[PDB]
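Asker: This is input_31.pdb (PDB, C-alpha atoms (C1' of nucleotides) and all ligand atoms).
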```
MODEL        1
ATOM      1  CA  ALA A  10     -11.306  21.884  36.330
ATOM      2  CA  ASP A  11      -9.717  18.619  37.446
ATOM      3  CA  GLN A  12      -6.435  17.904  35.670
ATOM      4  CA  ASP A  13      -8.132  14.637  34.761
ATOM      5  CA  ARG A  14     -10.465  16.748  32.674
ATOM      6  CA  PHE A  15      -7.879  18.901  30.976
ATOM      7  CA  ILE A  16      -8.076  18.536  27.191
ATOM      8  CA  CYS A  17      -5.324  16.949  25.157
ATOM      9  CA  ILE A  18      -2.960  18.340  22.550
ATOM     10  CA  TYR A  19      -0.695  15.825  20.798
ATOM     11  CA  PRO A  20       1.860  17.478  18.562
ATOM     12  CA  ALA A  21       0.742  15.182  15.722
ATOM     13  CA  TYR A  22      -2.456  17.269  15.636
ATOM     14  CA  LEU A  23      -0.333  20.180  14.415
ATOM     15  CA  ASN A  24       2.225  18.504  12.185
ATOM     16  CA  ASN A  25       2.012  19.781   8.641
ATOM     17  CA  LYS A  26       4.157  16.727   7.901
ATOM     18  CA  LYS A  27       1.408  14.254   8.761
ATOM     19  CA  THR A  28      -1.668  13.244   6.764
ATOM     20  CA  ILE A  29      -5.148  13.388   8.121
ATOM     21  CA  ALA A  30      -4.946   9.698   8.982
ATOM     22  CA  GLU A  31      -1.559  10.136  10.626
ATOM     23  CA  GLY A  32      -3.498  12.504  12.908
ATOM     24  CA  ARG A  33      -3.360  16.041  11.486
ATOM     25  CA  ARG A  34      -5.988  18.266  13.074
ATOM     26  CA  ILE A  35      -5.576  21.620  11.369
ATOM     27  CA  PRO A  36      -5.308  22.704   7.722
ATOM     28  CA  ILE A  37      -1.824  22.539   6.199
ATOM     29  CA  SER A  38      -2.148  26.219   5.415
ATOM     30  CA  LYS A  39      -1.888  26.549   9.182
ATOM     31  CA  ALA A  40      -0.169  23.327  10.235
ATOM     32  CA  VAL A  41       3.489  23.352  11.228
ATOM     33  CA  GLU A  42       6.687  21.391  10.688
ATOM     34  CA  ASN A  43       7.428  18.937  13.473
ATOM     35  CA  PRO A  44       6.262  20.873  16.541
ATOM     36  CA  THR A  45       7.166  19.435  19.944
ATOM     37  CA  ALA A  46       4.971  19.154  23.009
ATOM     38  CA  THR A  47       7.344  21.470  24.844
ATOM     39  CA  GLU A  48       6.769  24.181  22.296
ATOM     40  CA  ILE A  49       3.023  23.588  22.373
ATOM     41  CA  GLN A  50       2.862  24.151  26.124
ATOM     42  CA  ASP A  51       5.450  26.883  25.959
ATOM     43  CA  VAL A  52       3.121  28.946  23.843
ATOM     44  CA  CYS A  53      -0.055  28.084  25.718
ATOM     45  CA  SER A  54       1.292  28.782  29.176
ATOM     46  CA  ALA A  55       2.512  32.228  28.160
ATOM     47  CA  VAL A  56      -0.989  33.125  27.035
ATOM     48  CA  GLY A  57      -2.503  32.826  30.473
ATOM     49  CA  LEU A  58      -3.736  29.314  29.843
ATOM     50  CA  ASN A  59      -3.488  26.493  32.386
ATOM     51  CA  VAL A  60      -1.364  23.740  30.934
ATOM     52  CA  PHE A  61       1.074  20.974  31.915
ATOM     53  CA  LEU A  62       3.301  18.482  30.092
ATOM     54  CA  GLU A  63       3.074  14.687  29.904
ATOM     55  CA  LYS A  64       6.562  14.469  28.374
ATOM     56  CA  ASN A  65       6.156  10.693  28.379
ATOM     57  CA  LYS A  66       2.783   9.889  26.848
ATOM     58  CA  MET A  67       2.936   8.785  23.157
ATOM     59  CA  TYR A  68       0.278   9.437  20.537
ATOM     60  CA  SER A  69      -1.155   6.223  19.227
ATOM     61  CA  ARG A  70      -0.763   7.012  15.534
ATOM     62  CA  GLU A  71       3.007   7.494  15.723
ATOM     63  CA  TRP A  72       5.234   4.554  14.919
ATOM     64  CA  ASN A  73       8.416   6.572  15.461
ATOM     65  CA  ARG A  74       9.678   6.392  19.011
ATOM     66  CA  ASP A  75      11.934   9.409  18.832
ATOM     67  CA  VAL A  76      11.581  12.050  21.519
ATOM     68  CA  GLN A  77      11.195  15.122  19.346
ATOM     69  CA  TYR A  78       8.137  13.153  18.298
ATOM     70  CA  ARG A  79       6.560  12.625  21.713
ATOM     71  CA  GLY A  80       4.849  14.064  24.790
ATOM     72  CA  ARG A  81       1.280  15.282  25.288
ATOM     73  CA  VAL A  82       0.033  18.660  26.457
ATOM     74  CA  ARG A  83      -2.873  19.180  28.825
ATOM     75  CA  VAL A  84      -4.881  22.383  28.776
ATOM     76  CA  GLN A  85      -7.756  23.523  30.964
ATOM     77  CA  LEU A  86     -10.388  25.564  29.173
ATOM     78  CA  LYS A  87     -13.426  25.964  31.415
ATOM     79  CA  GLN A  88     -13.533  26.731  35.131
ATOM     80  CA  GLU A  89     -14.818  23.840  37.264
ATOM     81  CA  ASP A  90     -17.757  26.226  37.633
ATOM     82  CA  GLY A  91     -18.082  26.317  33.825
ATOM     83  CA  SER A  92     -16.464  29.444  32.431
ATOM     84  CA  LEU A  93     -13.631  29.278  29.938
ATOM     85  CA  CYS A  94     -10.356  30.376  31.452
ATOM     86  CA  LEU A  95     -10.001  32.768  28.494
ATOM     87  CA  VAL A  96     -12.831  33.976  26.246
ATOM     88  CA  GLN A  97     -10.431  33.339  23.345
ATOM     89  CA  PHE A  98     -10.123  29.581  23.653
ATOM     90  CA  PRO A  99     -13.509  27.924  23.606
ATOM     91  CA  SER A 100     -12.807  25.052  21.253
ATOM     92  CA  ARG A 101      -9.864  22.747  21.507
ATOM     93  CA  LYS A 102      -9.653  23.739  17.874
ATOM     94  CA  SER A 103      -9.040  27.343  18.909
ATOM     95  CA  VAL A 104      -6.054  26.253  21.020
ATOM     96  CA  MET A 105      -4.662  24.181  18.144
ATOM     97  CA  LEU A 106      -4.859  27.005  15.654
ATOM     98  CA  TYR A 107      -3.260  29.330  18.161
ATOM     99  CA  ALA A 108      -0.352  27.073  19.148
ATOM    100  CA  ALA A 109       0.085  26.427  15.445
ATOM    101  CA  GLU A 110       0.527  30.134  14.812
ATOM    102  CA  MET A 111       2.721  31.254  17.692
ATOM    103  CA  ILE A 112       5.347  28.500  17.541
ATOM    104  CA  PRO A 113       6.805  29.756  14.279
ATOM    105  CA  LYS A 114       7.761  32.702  16.430
ATOM    106  CA  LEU A 115       9.363  31.651  19.698
TER     107      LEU A 115
ATOM    108  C1'   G B   1       1.166 -18.637 -37.582
ATOM    109  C1'   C B   2       8.406 -17.210 -40.807
ATOM    110  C1'   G B   3      10.028 -12.518 -40.042
ATOM    111  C1'   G B   4       7.359  -6.603 -39.087
ATOM    112  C1'   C B   5       3.934  -3.502 -36.628
ATOM    113  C1'   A B   6       0.163  -2.499 -34.068
ATOM    114  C1'   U B   7      -4.095  -3.160 -30.493
ATOM    115  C1'   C B   8      -9.239   2.172 -27.736
ATOM    116  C1'   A B   9     -12.576   6.203 -25.917
ATOM    117  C1'   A B  10     -15.813   8.280 -24.124
ATOM    118  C1'   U B  11     -20.854   7.523 -21.040
ATOM    119  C1'   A B  12     -24.278   5.416 -16.167
ATOM    120  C1'   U B  13     -24.701   2.448 -11.959
ATOM    121  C1'   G B  14     -22.526   0.019  -7.586
ATOM    122  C1'   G B  15     -17.425  -1.255  -5.178
ATOM    123  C1'   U B  16     -12.169  -0.527  -3.179
ATOM    124  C1'   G B  17      -8.328   2.674  -1.668
ATOM    125  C1'   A B  18      -5.596   7.290  -0.859
ATOM    126  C1'   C B  19      -5.798  12.562   0.153
ATOM    127  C1'   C B  20      -7.766  17.395   1.339
ATOM    128  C1'   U B  21     -11.297  20.555   3.429
ATOM    129  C1'   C B  22     -15.227  21.615   6.855
ATOM    130  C1'   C B  23     -18.607  21.058  10.979
ATOM    131  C1'   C B  24     -20.947  18.217  16.173
ATOM    132  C1'   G B  25     -19.580  15.234  20.304
ATOM    133  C1'   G B  26     -15.754  13.847  23.876
ATOM    134  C1'   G B  27     -10.654  13.882  29.795
ATOM    135  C1'   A B  28      -7.521   9.948  25.909
ATOM    136  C1'   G B  29      -7.517   5.816  22.288
ATOM    137  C1'   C B  30     -11.930   8.540  19.765
ATOM    138  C1'   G B  31     -17.838   8.843  18.310
ATOM    139  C1'   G B  32     -20.915  11.394  14.878
ATOM    140  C1'   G B  33     -21.617  13.646   9.684
ATOM    141  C1'   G B  34     -21.134  17.489   4.745
ATOM    142  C1'   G B  35     -18.387  18.440   0.771
ATOM    143  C1'   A B  36     -13.653  17.995  -3.060
ATOM    144  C1'   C B  37     -10.206  15.590  -5.572
ATOM    145  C1'   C B  38      -7.103  11.421  -7.281
ATOM    146  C1'   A B  39      -6.205   5.850  -8.489
ATOM    147  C1'   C B  40      -8.218   1.122  -9.293
ATOM    148  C1'   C B  41     -12.520  -2.146 -10.054
ATOM    149  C1'   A B  42     -17.338  -4.570 -11.619
ATOM    150  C1'   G B  43     -19.682  -6.150 -14.618
ATOM    151  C1'   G B  44     -24.191  -2.686 -18.553
ATOM    152  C1'   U B  45     -24.375   0.818 -22.891
ATOM    153  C1'   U B  46     -21.760   4.056 -26.278
ATOM    154  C1'   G B  47     -19.459   5.173 -29.691
ATOM    155  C1'   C B  48     -13.868   6.624 -34.163
ATOM    156  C1'   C B  49     -11.532   7.813 -40.468
ATOM    157  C1'   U B  50      -9.479   0.602 -35.461
ATOM    158  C1'   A B  51      -5.065  -1.487 -39.319
ATOM    159  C1'   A B  52      -7.617  -4.376 -35.141
ATOM    160  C1'   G B  53      -9.468  -1.928 -29.007
ATOM    161  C1'   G B  54     -11.313  -9.452 -25.609
ATOM    162  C1'   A B  55     -13.054  -5.035 -20.481
ATOM    163  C1'   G B  56      -8.455 -13.286 -20.829
ATOM    164  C1'   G B  57      -4.988 -16.238 -17.303
ATOM    165  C1'   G B  58      -0.467 -15.675 -14.035
ATOM    166  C1'   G B  59       3.303 -13.833 -11.082
ATOM    167  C1'   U B  60       6.049  -9.664  -7.439
ATOM    168  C1'   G B  61       4.161  -7.002  -3.686
ATOM    169  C1'   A B  62       9.242  -8.108  -1.064
ATOM    170  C1'   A B  63      14.500  -3.352   4.366
ATOM    171  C1'   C B  64       7.723   0.847   4.602
ATOM    172  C1'   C B  65       6.069   2.052  -0.303
ATOM    173  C1'   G B  66      -0.882  -1.978  -1.909
ATOM    174  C1'   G B  67      -6.033  -3.506   0.067
ATOM    175  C1'   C B  68      -7.803  -6.543   3.573
ATOM    176  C1'   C B  69      -7.481 -10.030   8.473
ATOM    177  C1'   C B  70      -4.089  -9.297  11.957
ATOM    178  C1'   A B  71      -1.281 -13.866  16.894
ATOM    179  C1'   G B  72       2.336 -11.524  19.500
ATOM    180  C1'   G B  73       4.365  -7.292  21.273
ATOM    181  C1'   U B  74       3.391  -1.586  21.367
ATOM    182  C1'   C B  75       0.884   2.958  22.220
ATOM    183  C1'   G B  76      -4.124   5.597  24.721
ATOM    184  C1'   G B  77      -6.824   3.654  28.738
ATOM    185  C1'   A B  78      -8.502   2.559  36.190
ATOM    186  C1'   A B  79     -11.038  -1.041  32.788
ATOM    187  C1'   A B  80     -14.245  -2.010  28.753
ATOM    188  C1'   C B  81     -12.132  -1.299  24.753
ATOM    189  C1'   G B  82      -9.750   1.319  20.960
ATOM    190  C1'   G B  83      -5.574   2.898  17.752
ATOM    191  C1'   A B  84      -1.060   2.181  14.770
ATOM    192  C1'   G B  85       0.731  -1.994  12.780
ATOM    193  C1'   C B  86       5.120  -6.717  12.299
ATOM    194  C1'   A B  87       5.057 -12.063  11.753
ATOM    195  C1'   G B  88       1.517 -15.179   9.300
ATOM    196  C1'   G B  89      -2.881 -15.683   6.286
ATOM    197  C1'   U B  90      -5.144 -13.561   2.319
ATOM    198  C1'   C B  91      -6.796 -10.487  -3.133
ATOM    199  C1'   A B  92     -12.228  -8.236  -8.339
ATOM    200  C1'   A B  93      -9.153  -3.460  -7.657
ATOM    201  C1'   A B  94      -1.468   0.868  -5.715
ATOM    202  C1'   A B  95       2.574   0.182  -8.941
ATOM    203  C1'   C B  96       5.721  -3.114 -11.843
ATOM    204  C1'   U B  97       6.054  -7.205 -14.537
ATOM    205  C1'   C B  98       4.924 -12.442 -17.184
ATOM    206  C1'   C B  99       0.878 -15.875 -21.129
ATOM    207  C1'   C B 100      -2.473 -15.440 -24.474
ATOM    208  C1'   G B 101      -5.033 -14.740 -27.608
ATOM    209  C1'   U B 102      -6.796 -11.174 -31.240
ATOM    210  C1'   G B 103      -6.018  -6.872 -35.627
ATOM    211  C1'   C B 104      -3.680  -4.933 -39.167
ATOM    212  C1'   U B 105       1.643  -5.251 -42.366
ATOM    213  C1'   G B 106       5.430  -7.913 -44.455
ATOM    214  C1'   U B 107       9.317  -8.564 -47.699
ATOM    215  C1'   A B 108      13.592 -11.909 -49.486
TER     216        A B 108
HETATM  217  K     K A 201      -5.258  -6.766  26.584
HETATM  218 MG    MG A 202     -16.697  13.503   4.943
ENDMDL
END
```
Go ahead and render the structure in this file as structure tokens.

Answerer:
Amino acid sequence: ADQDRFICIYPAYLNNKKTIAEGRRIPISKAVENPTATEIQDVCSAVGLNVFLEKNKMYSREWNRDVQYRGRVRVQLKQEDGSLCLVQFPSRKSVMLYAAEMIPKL
RNA sequence: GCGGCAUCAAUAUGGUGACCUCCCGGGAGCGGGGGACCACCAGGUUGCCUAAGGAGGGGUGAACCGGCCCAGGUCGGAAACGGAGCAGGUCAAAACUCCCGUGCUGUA
């Protein structure tokens, strides 16, 4: 439950524009074009998740130093005790697929 | 060796590299492992109604387009470390180009 134990979401995980080795985490059929951390958190937060922005972190695998291309997003799943904060997001993978599907909407 | 033209394919085994798609593990950088597909390679067969199909020797690789190894610096990290990768070094294997040889064909 300690922020230090929040999981990580780098936009690169979600970027349909990046190869596996550039860091893509979800299938292109679900991936998305150039999502930004902000977005990522902006969807998560408004789902009842606990999540904050590290606007300044920078994914390793990302030579470009442009902003649109940076920031990390921290999301708490389980409750210090051990329960997920929302039955619907067990896996980090679950989060990723969700974020990936709601952003197209904002 | 004067001028012309033209020079494999498909099979097995073991590399190299991309890419896609799934799990398991993790607070990052990540660890673990299953499939699919492409390109290139090694040297071993196989073959066609080849005119011949050696699987030859070089060079470029460079303002991102190659593979490796990567000083620095940079990003993740409390650190250990790890990633991405420039310079430089380097090469059985991105791609593009040079030398041959070799086979048929040739006519004044
Ligand atoms: K160091
Ligand atoms: Mg695999």

Asker: Please identify every residue of chain A that has at least one atom no more than 6 Å from any atom of chain B, counting all atoms listed in the file, and report them as a VMD selection string.

Answerer: chain A and resid 13 to 16 69 to 70

Asker: So how many Å separate CA of residue 23 (chain A) and CA of residue 91 (chain A), to one decimal?

Answerer: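 If I compute the distance from CA of residue 23 (chain A) to CA of residue 91 (chain A), I get 27.0 Å.
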
Asker: List all protein, DNA and RNA residues that have any atom at most 8 Å from ligand MG 202 (chain A), counting all atoms listed in the file, and write the list as number ranges by chain.

Answerer: B: 33-35

Asker: If you apply the PyMOL selection byres (((chain B and resi 97) around 12) and not hetatm) to this file, what residues do you get, as an MDAnalysis selection string?

Answerer: chainID B and resid 58:61 95:96 98

Asker: Using the chain letters and numbers from this file, what does the PyMOL selection byres (((chain B and resi 43) around 10) and not hetatm) select? Give the answer as a list in words.

Answerer: residues 14, 41, 42, 44, 55 and 92 of chain B

Asker: Can you turn the PyMOL selection byres (((chain A and resi 37-43) around 9) and not hetatm) into a concrete residue list for this file, as a VMD selection string?

Answerer: chain A and resid 20 to 27 33 to 36 44 to 45 77 to 78 106 109 to 110 112 to 113

Asker: Nearest to ligand K 201 (chain A): which of B:23, B:70, B:62, B:80 is it, counting all atoms listed in the file?

Answerer: B:80

Asker: So which residues are near ligand K 201 (chain A), meaning at most 12 Å away with all atoms listed in the file counted, given back as a list in words?

Answerer: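 Using all atoms listed in the file, everything at most 12 Å from ligand K 201 (chain A) comes to residues 72, 73, 74, 77, 79, 80, 81 and 82 of chain B.
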
Asker: Write the residues of the selection above to a file with C-alpha atoms (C1' of nucleotides), as a PDB file, keeping the file's coordinate frame.

Answerer:
```
ATOM      1  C1'   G B  72       2.336 -11.524  19.500  1.00  0.00           C
ATOM      2  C1'   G B  73       4.365  -7.292  21.273  1.00  0.00           C
ATOM      3  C1'   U B  74       3.391  -1.586  21.367  1.00  0.00           C
ATOM      4  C1'   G B  77      -6.824   3.654  28.738  1.00  0.00           C
ATOM      5  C1'   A B  79     -11.038  -1.041  32.788  1.00  0.00           C
ATOM      6  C1'   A B  80     -14.245  -2.010  28.753  1.00  0.00           C
ATOM      7  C1'   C B  81     -12.132  -1.299  24.753  1.00  0.00           C
ATOM      8  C1'   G B  82      -9.750   1.319  20.960  1.00  0.00           C
TER       9        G B  82
END
```

Asker: Tell me, as number ranges by chain, which residues lie within 8 Å of residue 51 (chain B), counting only C-alpha atoms (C1' of nucleotides); anything in the same chain fewer than 6 positions away does not count.

Answerer: B: 6, 103-104

Asker: Do you have the CA of residue 82 (chain A)-CA of residue 102 (chain A) distance handy?

Answerer: 13.9 Å

Asker: Name the residues in contact with residue 66 (chain A) at a cut-off of 6 Å, using only C-alpha atoms (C1' of nucleotides), excluding same-chain residues fewer than 2 positions from it; report them as an mmCIF file with C-alpha atoms, keeping the file's coordinate frame.

Answerer:
```
data_model
loop_
_atom_site.group_PDB
_atom_site.id
_atom_site.type_symbol
_atom_site.label_atom_id
_atom_site.label_comp_id
_atom_site.auth_asym_id
_atom_site.auth_seq_id
_atom_site.Cartn_x
_atom_site.Cartn_y
_atom_site.Cartn_z
ATOM 1 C CA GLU A 63 3.074 14.687 29.904
ATOM 2 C CA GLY A 80 4.849 14.064 24.790
ATOM 3 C CA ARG A 81 1.280 15.282 25.288
#
```

Asker: Please provide the set of residues having any atom within 7 Å of residue 53 (chain A), restricted to all atoms listed in the file, with same-chain residues fewer than 5 positions apart removed, written as a count of residues only.

Answerer: 3
